[PDB]
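Visitor: Just so it is clear, I am handing over run-v1.txt, which has compact mmCIF, C-alpha atoms and all ligand atoms.
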```
# COMPACT_ATOMS: atom_id res chain seq x y z
CA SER A 1315 -8.51 -56.69 63.59
CA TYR A 1316 -9.07 -53.36 61.72
CA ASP A 1317 -9.00 -54.54 58.00
CA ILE A 1318 -11.83 -52.46 56.36
CA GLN A 1319 -11.85 -54.87 53.30
CA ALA A 1320 -11.84 -58.26 55.15
CA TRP A 1321 -15.69 -58.62 55.06
CA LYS A 1322 -15.71 -59.40 51.33
CA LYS A 1323 -13.79 -62.71 51.48
CA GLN A 1324 -15.55 -63.58 54.77
CA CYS A 1325 -18.88 -63.15 52.88
CA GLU A 1326 -17.63 -65.25 49.92
CA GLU A 1327 -16.73 -68.10 52.34
CA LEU A 1328 -20.10 -67.85 54.12
CA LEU A 1329 -21.92 -68.04 50.74
CA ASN A 1330 -19.86 -71.19 49.87
CA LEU A 1331 -21.07 -72.75 53.18
CA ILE A 1332 -24.72 -71.74 52.41
CA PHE A 1333 -24.42 -73.36 48.91
CA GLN A 1334 -23.18 -76.65 50.66
CA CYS A 1335 -26.28 -76.64 52.97
CA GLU A 1336 -29.12 -78.79 51.57
CA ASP A 1337 -31.50 -76.17 53.11
CA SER A 1338 -30.30 -73.57 50.50
CA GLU A 1339 -31.78 -75.65 47.59
CA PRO A 1340 -34.98 -73.52 47.09
CA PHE A 1341 -32.96 -70.22 47.32
CA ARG A 1342 -29.93 -70.95 45.02
CA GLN A 1343 -31.52 -69.28 41.90
CA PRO A 1344 -34.38 -66.78 41.25
CA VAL A 1345 -37.91 -68.27 41.72
CA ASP A 1346 -39.39 -69.58 38.41
CA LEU A 1347 -42.72 -67.84 37.51
CA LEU A 1348 -43.87 -70.85 35.36
CA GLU A 1349 -44.21 -72.89 38.64
CA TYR A 1350 -45.45 -69.82 40.67
CA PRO A 1351 -47.29 -67.50 38.18
CA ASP A 1352 -48.71 -65.38 41.10
CA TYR A 1353 -45.21 -64.80 42.67
CA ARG A 1354 -44.78 -61.14 41.46
CA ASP A 1355 -48.34 -60.27 42.73
CA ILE A 1356 -47.05 -61.16 46.29
CA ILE A 1357 -43.25 -60.42 45.95
CA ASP A 1358 -42.17 -56.94 44.68
CA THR A 1359 -38.37 -57.66 44.97
CA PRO A 1360 -37.28 -61.27 44.20
CA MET A 1361 -33.83 -62.20 45.63
CA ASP A 1362 -31.75 -65.40 45.69
CA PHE A 1363 -28.20 -66.47 46.67
CA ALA A 1364 -26.82 -66.55 43.11
CA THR A 1365 -27.86 -62.89 42.68
CA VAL A 1366 -26.18 -62.04 46.04
CA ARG A 1367 -22.92 -63.83 45.00
CA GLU A 1368 -22.90 -62.12 41.57
CA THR A 1369 -23.51 -58.66 43.16
CA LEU A 1370 -20.59 -59.27 45.59
CA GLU A 1371 -18.24 -60.54 42.81
CA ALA A 1372 -19.15 -57.57 40.52
CA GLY A 1373 -17.97 -55.18 43.28
CA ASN A 1374 -21.52 -53.80 43.72
CA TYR A 1375 -21.77 -54.08 47.55
CA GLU A 1376 -20.02 -51.28 49.50
CA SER A 1377 -20.48 -52.95 52.95
CA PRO A 1378 -21.52 -56.27 54.51
CA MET A 1379 -24.70 -54.47 55.78
CA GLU A 1380 -25.90 -54.17 52.18
CA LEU A 1381 -25.24 -57.91 51.53
CA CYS A 1382 -27.06 -58.75 54.82
CA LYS A 1383 -30.13 -56.67 53.73
CA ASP A 1384 -30.38 -58.72 50.45
CA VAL A 1385 -29.92 -62.11 52.25
CA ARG A 1386 -32.65 -61.07 54.79
CA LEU A 1387 -34.91 -60.25 51.78
CA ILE A 1388 -34.54 -63.92 50.57
CA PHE A 1389 -35.95 -65.02 53.96
CA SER A 1390 -38.73 -62.35 54.22
CA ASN A 1391 -39.84 -63.25 50.65
CA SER A 1392 -40.17 -66.92 51.70
CA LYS A 1393 -42.16 -65.98 54.88
CA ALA A 1394 -44.54 -63.84 52.73
CA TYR A 1395 -45.14 -66.50 50.00
CA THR A 1396 -45.70 -69.53 52.38
CA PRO A 1397 -49.38 -70.57 52.87
CA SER A 1398 -48.40 -72.36 56.17
CA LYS A 1399 -45.72 -71.85 58.87
CA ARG A 1400 -45.54 -75.71 58.59
CA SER A 1401 -44.36 -75.57 54.90
CA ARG A 1402 -41.24 -77.54 53.77
CA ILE A 1403 -39.57 -74.64 51.86
CA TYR A 1404 -40.47 -72.08 54.62
CA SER A 1405 -39.03 -74.39 57.38
CA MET A 1406 -35.84 -74.70 55.21
CA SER A 1407 -35.76 -70.83 55.09
CA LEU A 1408 -35.92 -70.61 58.95
CA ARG A 1409 -33.01 -73.09 59.58
CA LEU A 1410 -30.88 -71.36 56.91
CA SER A 1411 -31.65 -67.92 58.40
CA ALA A 1412 -30.47 -69.09 61.88
CA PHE A 1413 -27.23 -70.44 60.30
CA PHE A 1414 -26.67 -67.17 58.35
CA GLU A 1415 -27.33 -64.91 61.38
CA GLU A 1416 -24.98 -67.00 63.57
CA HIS A 1417 -22.12 -66.51 61.02
CA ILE A 1418 -22.75 -62.89 59.80
CA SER A 1419 -22.70 -61.36 63.35
CA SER A 1420 -18.83 -61.40 63.59
CA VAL A 1421 -18.47 -60.12 59.96
CA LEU A 1422 -20.66 -57.08 60.74
CA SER A 1423 -19.02 -56.41 64.15
CA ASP A 1424 -15.45 -56.57 62.73
CA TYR A 1425 -16.35 -54.27 59.80
CA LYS A 1426 -18.02 -51.62 61.97
CA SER A 1427 -15.07 -51.79 64.46
CA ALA A 1428 -12.58 -51.33 61.53
CA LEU A 1429 -14.47 -48.26 60.27
CA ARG A 1430 -14.58 -46.72 63.77
CA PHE A 1431 -10.78 -47.30 64.07
CA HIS A 1432 -10.25 -45.63 60.64
CA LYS A 1433 -12.10 -42.49 61.94
CA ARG A 1434 -10.51 -42.60 65.48
CA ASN A 1435 -8.46 -39.33 64.97
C1 LIG B 1 -35.35 -71.64 42.39
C2 LIG B 1 -36.59 -72.37 42.84
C3 LIG B 1 -36.28 -73.72 43.45
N1 LIG B 1 -37.33 -71.58 43.81
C4 LIG B 1 -38.61 -71.71 43.96
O1 LIG B 1 -39.29 -72.11 43.01
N2 LIG B 1 -39.15 -71.48 45.18
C5 LIG B 1 -38.39 -71.25 46.41
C6 LIG B 1 -38.84 -69.97 47.09
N3 LIG B 1 -40.27 -70.07 47.35
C7 LIG B 1 -40.71 -70.05 48.62
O2 LIG B 1 -40.10 -69.43 49.49
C8 LIG B 1 -41.84 -70.82 49.00
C9 LIG B 1 -42.56 -71.81 48.33
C10 LIG B 1 -43.65 -72.26 49.12
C11 LIG B 1 -43.59 -71.82 50.40
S1 LIG B 1 -42.45 -70.58 50.60
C12 LIG B 1 -41.05 -70.23 46.13
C13 LIG B 1 -40.60 -71.48 45.39
```
Take the structure from the file and write it as structure tokens.
Ligand SMILES: CC(C)NC(=O)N1CCN(C(=O)c2cccs2)CC1

Guide:
Amino acid sequence: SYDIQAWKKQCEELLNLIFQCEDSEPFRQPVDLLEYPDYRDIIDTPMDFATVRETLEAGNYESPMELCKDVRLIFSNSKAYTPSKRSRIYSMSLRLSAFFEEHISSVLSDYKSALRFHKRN
């Protein structure tokens, strides 16, 4: 399965699944400062799933590793901003992260395998 470009549609489909998950609700759009005026004192690099989808659709990811780094930043931002490990929105982040990691593993493996095959000779 050595298609170097296949990751992009596989990532589009995974983002559609994440948007169908009720657990993605807090993460579908950039955090609103009006609600959380201290957010940028704690979070240097806001990230959300709509920004990830737009970056992919613009052709501004070169690899699924770059997309994975931005999705992981959504989850690390949540873990940093939560006052409790027993918070609703944080607990939503942890279930969504497990779902994402379970599905991205094959996308990353197939891509890196395809690139190694491209450089075989
Ligand atoms: C788009 C809108 C719905 N997002 C938003 O306002 N969020 C979600 C992300 N966020 C958090 O991760 C936490 C909040 C409290 C514990 S963590 C801050 C609040």

Visitor: Residues of chain A that approach ligand LIG 1 (chain B) to 6 Å or less, counting all atoms listed in the file: could you list each one with the shortest pair of atoms and its distance in Å to one decimal, rows by chain and increasing residue number, as a Markdown table?

Guide:
```
| residue | atom | partner | partner_atom | distance |
| --- | --- | --- | --- | --- |
| A:1340 | CA | B:LIG1 | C3 | 3.9 |
| A:1341 | CA | B:LIG1 | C5 | 5.6 |
| A:1343 | CA | B:LIG1 | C1 | 4.5 |
| A:1344 | CA | B:LIG1 | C1 | 5.1 |
| A:1345 | CA | B:LIG1 | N1 | 4.0 |
| A:1346 | CA | B:LIG1 | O1 | 5.3 |
| A:1392 | CA | B:LIG1 | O2 | 3.3 |
| A:1395 | CA | B:LIG1 | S1 | 4.9 |
| A:1396 | CA | B:LIG1 | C11 | 3.7 |
| A:1401 | CA | B:LIG1 | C11 | 5.9 |
| A:1403 | CA | B:LIG1 | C11 | 5.1 |
| A:1404 | CA | B:LIG1 | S1 | 4.7 |
```

Visitor: Next, dump the selected residues to file, keeping only C-alpha atoms, as a CSV table (one decimal), in the coordinates of the input.

Guide:
```
chain,number,residue,atom,x,y,z
A,1340,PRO,CA,-35.0,-73.5,47.1
A,1341,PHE,CA,-33.0,-70.2,47.3
A,1343,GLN,CA,-31.5,-69.3,41.9
A,1344,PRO,CA,-34.4,-66.8,41.2
A,1345,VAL,CA,-37.9,-68.3,41.7
A,1346,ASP,CA,-39.4,-69.6,38.4
A,1392,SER,CA,-40.2,-66.9,51.7
A,1395,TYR,CA,-45.1,-66.5,50.0
A,1396,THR,CA,-45.7,-69.5,52.4
A,1401,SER,CA,-44.4,-75.6,54.9
A,1403,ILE,CA,-39.6,-74.6,51.9
A,1404,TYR,CA,-40.5,-72.1,54.6
```

Visitor: Out of A:1375, A:1333, A:1350, A:1425, which residue has the shortest atom-to-atom distance to residue 1410 of chain A when counting all atoms listed in the file?

Guide: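 Checking each of A:1375, A:1333, A:1350, A:1425 against residue 1410 of chain A, counting all atoms listed in the file, the winner is A:1333.
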
Visitor: With a distance cut-off of 9 Å and all atoms listed in the file, select the neighbouring residues of residue 1338 of chain A, excluding the residue or stretch itself and same-chain residues fewer than 6 positions from it, and output the selection as a list in words.

Guide: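 Returned residues: residues 1332, 1363, 1406, 1407 and 1410 of chain A.
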
Visitor: Any chance you could export the current selection's C-alpha atoms as a PDB file, in the coordinates of the input?

Guide:
```pdb
ATOM      1  CA  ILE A1332     -24.720 -71.740  52.410  1.00  0.00           C
ATOM      2  CA  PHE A1363     -28.200 -66.470  46.670  1.00  0.00           C
ATOM      3  CA  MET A1406     -35.840 -74.700  55.210  1.00  0.00           C
ATOM      4  CA  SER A1407     -35.760 -70.830  55.090  1.00  0.00           C
ATOM      5  CA  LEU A1410     -30.880 -71.360  56.910  1.00  0.00           C
TER       6      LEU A1410
END
```

Visitor: Please indicate the distance in Å from atom CA of residue 1342 of chain A to atom CA of residue 1329 of chain A, rounded to one decimal place.

Guide: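 Atom CA of residue 1342 of chain A sits 10.3 Å away from atom CA of residue 1329 of chain A.
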
Visitor: From the options A:1394, A:1334, A:1412, A:1316, which residue's atoms come nearest to residue 1434 of chain A, counting all atoms listed in the file?

Guide: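 Looking only at the distances to residue 1434 of chain A, the closest residue turns out to be A:1316.
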
Visitor: Just give me the gap between atom CA of residue 1414 of chain A and atom CA of residue 1318 of chain A in Å, one decimal is fine.

Guide: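 Those two atoms sit 21.0 Å apart.
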
Visitor: Work out how far apart atom CA of residue 1409 of chain A and atom CA of residue 1319 of chain A are and give it in Å to one decimal.

Guide: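 Spanning atom CA of residue 1409 of chain A to atom CA of residue 1319 of chain A is a straight-line distance of 28.6 Å.
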
Visitor: Please provide the set of residues having any atom within 10 Å of residue 1390 of chain A, restricted to only C-alpha atoms, with same-chain residues fewer than 6 positions apart removed, written as an MDAnalysis selection string.

Guide: chainID A and resid 1357 1361 1384 1404 1407:1408 1411

Visitor: Can you tell me, as a list in words, what residues are no more than 10 Å from segment 1324-1326 of chain A when counting only C-alpha atoms, ignoring any on the same chain fewer than 5 positions away?

Guide: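 Near neighbours after the sequence-gap exclusion: residues 1319, 1331, 1332, 1366, 1367, 1370, 1371, 1378, 1381, 1382, 1417, 1418, 1420 and 1421 of chain A.
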
Visitor: Which one of A:1320, A:1356, A:1385, A:1364 sits closest to residue 1422 of chain A if you count all atoms listed in the file?

Guide: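 Among the listed residues, A:1320 lies closest to residue 1422 of chain A.
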
Visitor: Compare A:1369, A:1405, A:1427, A:1435 by their minimum atom-to-atom distance to residue 1337 of chain A, counting only C-alpha atoms, and give me the closest one.

Guide: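 Using only C-alpha atoms, residue 1337 of chain A sits closest to A:1405.
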
Visitor: Considering all atoms listed in the file, can you say which of A:1362, A:1339, A:1433, A:1402 comes closest to residue 1389 of chain A?

Guide: A:1362

Visitor: My structure is short of atoms at segment 1376-1398 of chain A; please model N, CA, C and O atoms there, returning them as a PDB file, in the coordinates of the input.

Guide:
```
ATOM      1  N   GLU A1376     -21.029 -52.113  48.803  1.00  0.00           N
ATOM      2  CA  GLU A1376     -20.020 -51.280  49.500  1.00  0.00           C
ATOM      3  C   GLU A1376     -19.709 -51.802  50.917  1.00  0.00           C
ATOM      4  O   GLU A1376     -18.589 -51.542  51.443  1.00  0.00           O
ATOM      5  N   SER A1377     -20.599 -52.569  51.533  1.00  0.00           N
ATOM      6  CA  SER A1377     -20.480 -52.950  52.950  1.00  0.00           C
ATOM      7  C   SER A1377     -21.152 -54.290  53.135  1.00  0.00           C
ATOM      8  O   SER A1377     -22.053 -54.680  52.380  1.00  0.00           O
ATOM      9  N   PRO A1378     -20.820 -55.022  54.218  1.00  0.00           N
ATOM     10  CA  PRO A1378     -21.520 -56.270  54.510  1.00  0.00           C
ATOM     11  C   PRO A1378     -22.963 -56.018  54.982  1.00  0.00           C
ATOM     12  O   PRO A1378     -23.768 -56.920  54.853  1.00  0.00           O
ATOM     13  N   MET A1379     -23.293 -54.806  55.435  1.00  0.00           N
ATOM     14  CA  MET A1379     -24.700 -54.470  55.780  1.00  0.00           C
ATOM     15  C   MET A1379     -25.580 -54.562  54.546  1.00  0.00           C
ATOM     16  O   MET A1379     -26.730 -54.975  54.634  1.00  0.00           O
ATOM     17  N   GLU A1380     -25.096 -54.098  53.390  1.00  0.00           N
ATOM     18  CA  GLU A1380     -25.900 -54.170  52.180  1.00  0.00           C
ATOM     19  C   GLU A1380     -26.129 -55.637  51.782  1.00  0.00           C
ATOM     20  O   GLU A1380     -27.231 -56.006  51.335  1.00  0.00           O
ATOM     21  N   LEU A1381     -25.087 -56.471  51.837  1.00  0.00           N
ATOM     22  CA  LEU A1381     -25.240 -57.910  51.530  1.00  0.00           C
ATOM     23  C   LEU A1381     -26.262 -58.533  52.489  1.00  0.00           C
ATOM     24  O   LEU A1381     -27.123 -59.321  52.034  1.00  0.00           O
ATOM     25  N   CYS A1382     -26.172 -58.200  53.778  1.00  0.00           N
ATOM     26  CA  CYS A1382     -27.060 -58.750  54.820  1.00  0.00           C
ATOM     27  C   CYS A1382     -28.525 -58.351  54.516  1.00  0.00           C
ATOM     28  O   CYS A1382     -29.437 -59.174  54.726  1.00  0.00           O
ATOM     29  N   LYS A1383     -28.772 -57.123  54.037  1.00  0.00           N
ATOM     30  CA  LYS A1383     -30.130 -56.670  53.730  1.00  0.00           C
ATOM     31  C   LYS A1383     -30.691 -57.567  52.609  1.00  0.00           C
ATOM     32  O   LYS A1383     -31.841 -58.010  52.658  1.00  0.00           O
ATOM     33  N   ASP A1384     -29.914 -57.848  51.557  1.00  0.00           N
ATOM     34  CA  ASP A1384     -30.380 -58.720  50.450  1.00  0.00           C
ATOM     35  C   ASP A1384     -30.605 -60.176  50.913  1.00  0.00           C
ATOM     36  O   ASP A1384     -31.592 -60.802  50.521  1.00  0.00           O
ATOM     37  N   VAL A1385     -29.713 -60.717  51.755  1.00  0.00           N
ATOM     38  CA  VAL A1385     -29.920 -62.110  52.250  1.00  0.00           C
ATOM     39  C   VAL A1385     -31.199 -62.138  53.106  1.00  0.00           C
ATOM     40  O   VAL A1385     -32.005 -63.064  52.962  1.00  0.00           O
ATOM     41  N   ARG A1386     -31.430 -61.124  53.958  1.00  0.00           N
ATOM     42  CA  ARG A1386     -32.650 -61.070  54.790  1.00  0.00           C
ATOM     43  C   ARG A1386     -33.885 -60.986  53.915  1.00  0.00           C
ATOM     44  O   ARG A1386     -34.946 -61.528  54.305  1.00  0.00           O
ATOM     45  N   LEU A1387     -33.784 -60.350  52.745  1.00  0.00           N
ATOM     46  CA  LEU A1387     -34.910 -60.250  51.780  1.00  0.00           C
ATOM     47  C   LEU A1387     -35.257 -61.640  51.213  1.00  0.00           C
ATOM     48  O   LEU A1387     -36.435 -61.960  51.039  1.00  0.00           O
ATOM     49  N   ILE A1388     -34.257 -62.518  50.999  1.00  0.00           N
ATOM     50  CA  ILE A1388     -34.540 -63.920  50.570  1.00  0.00           C
ATOM     51  C   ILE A1388     -35.496 -64.527  51.604  1.00  0.00           C
ATOM     52  O   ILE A1388     -36.520 -65.141  51.249  1.00  0.00           O
ATOM     53  N   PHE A1389     -35.181 -64.364  52.877  1.00  0.00           N
ATOM     54  CA  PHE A1389     -35.950 -65.020  53.960  1.00  0.00           C
ATOM     55  C   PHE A1389     -37.320 -64.347  54.148  1.00  0.00           C
ATOM     56  O   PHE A1389     -38.323 -65.068  54.335  1.00  0.00           O
ATOM     57  N   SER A1390     -37.389 -63.022  54.086  1.00  0.00           N
ATOM     58  CA  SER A1390     -38.730 -62.350  54.220  1.00  0.00           C
ATOM     59  C   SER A1390     -39.602 -62.701  53.035  1.00  0.00           C
ATOM     60  O   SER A1390     -40.850 -62.859  53.205  1.00  0.00           O
ATOM     61  N   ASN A1391     -39.044 -62.834  51.827  1.00  0.00           N
ATOM     62  CA  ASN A1391     -39.840 -63.250  50.650  1.00  0.00           C
ATOM     63  C   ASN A1391     -40.437 -64.619  50.925  1.00  0.00           C
ATOM     64  O   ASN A1391     -41.641 -64.874  50.631  1.00  0.00           O
ATOM     65  N   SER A1392     -39.661 -65.561  51.441  1.00  0.00           N
ATOM     66  CA  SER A1392     -40.170 -66.920  51.700  1.00  0.00           C
ATOM     67  C   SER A1392     -41.335 -66.866  52.714  1.00  0.00           C
ATOM     68  O   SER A1392     -42.345 -67.562  52.561  1.00  0.00           O
ATOM     69  N   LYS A1393     -41.163 -66.080  53.780  1.00  0.00           N
ATOM     70  CA  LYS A1393     -42.160 -65.980  54.880  1.00  0.00           C
ATOM     71  C   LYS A1393     -43.466 -65.394  54.349  1.00  0.00           C
ATOM     72  O   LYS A1393     -44.537 -65.803  54.838  1.00  0.00           O
ATOM     73  N   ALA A1394     -43.380 -64.512  53.354  1.00  0.00           N
ATOM     74  CA  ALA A1394     -44.540 -63.840  52.730  1.00  0.00           C
ATOM     75  C   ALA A1394     -45.265 -64.805  51.789  1.00  0.00           C
ATOM     76  O   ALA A1394     -46.504 -64.717  51.679  1.00  0.00           O
ATOM     77  N   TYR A1395     -44.537 -65.629  51.039  1.00  0.00           N
ATOM     78  CA  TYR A1395     -45.140 -66.500  50.000  1.00  0.00           C
ATOM     79  C   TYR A1395     -45.693 -67.803  50.600  1.00  0.00           C
ATOM     80  O   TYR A1395     -46.502 -68.426  49.922  1.00  0.00           O
ATOM     81  N   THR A1396     -45.275 -68.236  51.794  1.00  0.00           N
ATOM     82  CA  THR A1396     -45.700 -69.530  52.380  1.00  0.00           C
ATOM     83  C   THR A1396     -47.185 -69.477  52.772  1.00  0.00           C
ATOM     84  O   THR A1396     -47.647 -68.508  53.386  1.00  0.00           O
ATOM     85  N   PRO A1397     -47.984 -70.517  52.436  1.00  0.00           N
ATOM     86  CA  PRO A1397     -49.380 -70.570  52.870  1.00  0.00           C
ATOM     87  C   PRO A1397     -49.525 -71.089  54.310  1.00  0.00           C
ATOM     88  O   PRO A1397     -50.602 -70.988  54.854  1.00  0.00           O
ATOM     89  N   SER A1398     -48.456 -71.690  54.843  1.00  0.00           N
ATOM     90  CA  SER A1398     -48.400 -72.360  56.170  1.00  0.00           C
ATOM     91  C   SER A1398     -47.040 -72.089  56.811  1.00  0.00           C
ATOM     92  O   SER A1398     -46.006 -72.095  56.091  1.00  0.00           O
TER      93      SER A1398
END
```
